[PDB]
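Scroll down for the structure; my scribbles are underneath it.
Values below: all heavy atoms of this structure, side chains included; hydrogens, waters and symmetry mates excluded. Index from 1, following the sequence.
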Amino acid sequence: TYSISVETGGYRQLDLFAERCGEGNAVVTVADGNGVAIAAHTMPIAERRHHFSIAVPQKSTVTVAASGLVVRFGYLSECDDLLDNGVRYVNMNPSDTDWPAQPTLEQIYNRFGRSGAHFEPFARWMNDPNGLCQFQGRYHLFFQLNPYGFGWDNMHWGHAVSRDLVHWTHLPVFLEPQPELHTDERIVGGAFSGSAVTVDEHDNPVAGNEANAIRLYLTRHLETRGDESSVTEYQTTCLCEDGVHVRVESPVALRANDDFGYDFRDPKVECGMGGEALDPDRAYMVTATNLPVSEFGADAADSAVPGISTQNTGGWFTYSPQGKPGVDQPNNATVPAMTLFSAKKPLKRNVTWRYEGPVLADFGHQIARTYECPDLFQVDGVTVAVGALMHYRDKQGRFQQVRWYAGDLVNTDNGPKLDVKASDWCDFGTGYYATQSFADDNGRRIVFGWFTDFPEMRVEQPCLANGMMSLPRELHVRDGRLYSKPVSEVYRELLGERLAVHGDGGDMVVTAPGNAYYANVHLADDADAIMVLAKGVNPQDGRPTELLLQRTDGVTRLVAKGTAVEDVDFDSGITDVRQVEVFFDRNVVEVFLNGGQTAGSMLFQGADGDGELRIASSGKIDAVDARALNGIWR
């Protein structure tokens with residue numbers, strides 16, 4: 001019997017995510033200050049995990065008791081003005097011993113292994129960002145979540161809200177796995193990734209500040225463990241009417257035919273596009289899947305036909321981040337495709353979604369298994385598609401990179417097709433994954449990404465989360481190519497005091513307090529140069545690690561010496577780098593070159609305490625602007 005004490009304050013509800021640990025009755029009870037019973041709840045017999053929501057009295061110290069189960073995640077909720085106050089974490093996990101029952105934000109986040117300025121959950125696992133939108137004056141961030149462990153599991157939707165895209169207020173868990181996933185151990189799945197459309201009370205898409213509800217479109221996943229051919233993915237919709245709670249969910253789009261790949265997920269609904277190829281009275285949805293190559297011309301790998309991207313980054317197929325080339329064989333019959341659907345507005349829950357064909361197929365990377373997390377939007381007069389390539393490493397060794405494709409949406413006999421004029425990677429590092437974008441009330445195109453641990457910098461331990469989001473980036477298309485740069489709010493909120501630059505015999509040195517800093521470096525030429533960004537230790541074998549930006553014979557690349565991805569060529573992909581902008585936040589780096597011509601980022605655990613930035617060039621350094629980086633919790 002595990003027991004904790006909790007002060008409720010202004011909160012009215014106690015949420016506990018419990019796992020059955022014993023054989024018989026699994027019970028949670030609440031008692032008042034004198035031991036008088038307040039509540040008694042029993043986990044349903046058939047369930048091995050259950051989310052409890054227990055009414056608790058305000059302004060009271062209550063005792064929470066568990067028997068036959070173990071809590072992995074908890075919080076107080078249902079206070080006044082939940083959107084502004086948020087939930088307060090409750091620690092009933094016997095493994096999280098470094099935390100009291102109600103740890104402060106300082107106690108939750110100010111720990112070695114955590115970032116200081118990137119979004120992370122209280123603890124447990126998080127991946128893809130979902131449901132990005134501006135709604136009634138606030139930015140809403142949903143995310144794939146597993147509250148029961150450190151790895152991926154049956155998928156929930158976490159939820160956080162913000163007024164500046166920098167500081168986040170935690171909200172209650174939004175969506176949860178299908179109930180049968182906790183009564184049938186043979187299956188796995190849950191509420192997979194999804195997007196958001198702000199609508200009025202009649203489901204007409206409107207600007208977020210004028211909206212009455214958020215409409216979400218997401219993937220439900222059902223899979224029999226050990227049988228790929230059992231994967232059942234479909235698209236559903238639901239409303240958030242008050243900014244916090246979800247309402248009824250119902251399906252909207254199934255695989256159009258048996259030639260769709262079983263992988264068919266991550267719907268992204270875009271309402272603000274135009275041009276001759278689209279119906280202005282219809283909203284458009286891209287989904288990630290694969291299609292038989294027989295649905296395309298025999299010359300698809302080198303053709304001029306619209307809807308096909310042909311650039312081949314010369315990599316190989318492998319289902320593991322470390323897999324070497326030639327071991328396993330790809331699906332030679334399929335090609336990753338973005339299947340397009342449209343529905344007549346208003347987007348009432350019962351309007352049908354018409355299959356429009358594949359708007360994009362990546363024949364240059366046809367050995368990749370399938371797409372993940374697609375997106376289709378228009379910015380600065382150019383249509384852009386963004387998607388991730390499963391089970392593919394590029395020539396440089398980067399696993400499951402996210403690719404952007406820019407061009408003109410053209411009208412064809414077989415539906416809308418993206419005439420690709422250019423393509424490249426969104427991020428020349430590794431682990432920047434699962435991108436989703438949205439348009440705020442002023443038309444800014446803003447993208448979030450999830451940093452997955454391909455560098456193997458995360459180690460399972462208590463009082464820690466596995467997963468963080470990138471800093472929000474603004475997107476533009478300049479000369480037919482995608483640019484990305486942190487939004488103005490990131491600069492406004494996170495850039496702290498200037499840091500002195502002192503000389504060490506040709507080296508420029510900046511001491512970084514708390515190993516969190518920003519640096520803006522201007523180079524005068526294309527000469528060889530080196531920037532030591534951070535040092536640390538390989539968390540698996542204890543080897544010294546070193547993080548560099550280094551230019552050699554015109555090629556600029558990130559270098560992660562001593563890490564598991566030391567053998568990967570993080571080529572920036574551009575020439576004539578003159579501006580280097582660096583955000584290093586304790587255990588993650590994000591680098592922007594030439595004002596966003598290319599961006600590169602990855603996880604890298606720097607040493608605890610103070611850091612150091614070291615700059616040297618065989619040419620001339622024009623200027624160095626280094627500043628301490630603020631935190632978003634304290």
Side-chain angles (χ1 to χ4, degrees), residues 95-99 106-118 120 123-126 150-151 320-322 397-399 427-433 450-468 470-471 499 504 507 509-519 530-550 557-570 582-591 600-616 626 628-629 631 633:
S95 300
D96 290 328
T97 60
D98 280 6
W99 287 341
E106 202 277 326
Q107 289 171 311
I108 293 179
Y109 288 97
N110 185 35
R111 305 177 54 84
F112 178 63
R114 313 206 66 155
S115 70
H118 294 70
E120 305 173 4
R124 315 292 90 85
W125 166 279
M126 167 185 77
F150 201 75
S320 81
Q322 295 284 336
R398 295 171 291 205
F399 183 63
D427 194 290
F428 70 85
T430 185
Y432 179 81
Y433 200 71
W450 158 55
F451 279 121
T452 182
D453 189 27
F454 293 154
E456 311 190 359
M457 284 288 170
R458 297 175 174 149
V459 173
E460 176 169 15
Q461 45 198 144
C463 305
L464 203 75
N466 184 337
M468 85 175 69
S470 73
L471 291 170
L499 299 174
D504 186 4
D507 273 359
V509 179
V510 168
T511 301
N515 212 349
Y517 66 93
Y518 158 91
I530 178 145
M531 283 173 69
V532 176
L533 312 180
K535 285 153 151 153
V537 158
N538 187 300
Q540 295 291 336
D541 50 43
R543 271 190 293 142
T545 58
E546 200 180 21
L547 177 63
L548 322 170
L549 189 75
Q550 176 166 218
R557 45 168 75 81
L558 279 169
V559 192
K561 294 183 151 133
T563 81
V565 295
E566 183 184 22
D567 52 337
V568 176
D569 183 10
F570 299 107
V582 182
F583 294 81
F584 184 76
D585 184 19
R586 288 156 66 87
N587 63 357
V588 59
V589 74
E590 304 192 66
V591 177
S601 59
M602 72 183 64
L603 301 181
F604 182 88
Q605 184 61 66
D608 207 33
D610 289 348
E612 162 162 297
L613 168 68
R614 193 164 285 261
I615 304 161
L629 200 71
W633 312 106

Margin query: Pair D96, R124 - check salt bridge (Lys or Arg N to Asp or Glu O under 4.0 Å), show working.
Written below: CA-CA 11 Å; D96 290 328; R124 315 292 90 85; 3.1 Å; yes
If you measure from [atom1] on [X] to [atom2] on [Y], what distance do you get to the nearest 0.5 Å?
| X | Y | atom1 | atom2 | value |
| --- | --- | --- | --- | --- |
| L471 | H118 | CG | NE2 | 3.5 Å |
| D453 | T430 | CG | OG1 | 9.5 Å |
| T563 | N538 | OG1 | CG | 7.0 Å |
| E460 | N466 | CD | CG | 8.5 Å |
| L629 | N515 | CG | CG | 10.5 Å |

Margin query: If we ignore hydrogens and angles and just use 3.5 Å, is the side chain of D585 paired with the main-chain N or O of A117 as donor and acceptor?
Written below: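 Confirmed, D585 side chain pairs with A117 backbone.
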Margin query: Please check: side-chain N/O of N587 versus main-chain N/O of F604, any donor-acceptor pairing under 3.5 Å?
Written below: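 Not a single qualifying donor-acceptor pair exists.
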Check: Do the side chains of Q605 and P539 get nearer than 4.5 Å, heavy atoms only?
Finding: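 No, every pair of side-chain atoms sits at 4.5 Å or beyond.
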Note to self: Ring-plane angle category for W633 and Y109, please: parallel below 30°, perpendicular beyond 60°, tilted otherwise.
What the structure shows: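 It falls in the parallel class, under 30°.
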Check: When you look at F570 and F428, which way does the ring-ring contact (aromatic ring centres under 6.0 Å, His included) test go after all the steps?
Finding: CA-CA 6 Å; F570 299 107; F428 70 85; 8.0 Å; no
Item checked: Minimum-distance pair of heavy atoms, taken over all atoms of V589 and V591 ->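 The answer is CG2-CG2, 3.9 Å.
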Next item on the list: Identify the two heavy atoms, one from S470 and one from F451, that lie closest to each other, and give their separation to 0.1 Å.
Entry: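 For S470 versus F451, the nearest heavy atoms are CA-CE1, 3.5 Å.
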Check: Regarding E120 and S115, is there a side-chain donor-to-acceptor distance under 3.5 Å anywhere?
Finding: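 Yes, a side-chain donor-acceptor pair sits under 3.5 Å.
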Note to self: Go through it in stages, so that I can follow the logic: the residues are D427 and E590, the test is side chain to side chain contact (heavy atoms under 4.5 Å, CB included), and I'd like the CA-CA distance, side-chain angles, deciding distance and then a yes or no.
What the structure shows: CA-CA 9 Å; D427 194 290; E590 304 192 66; 5.6 Å; no
Check: Run the side chain to side chain contact (heavy atoms under 4.5 Å, CB included) check on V532 and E612 step by step: do they pass?
Finding: CA-CA 8 Å; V532 176; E612 162 162 297; over 6 Å; no
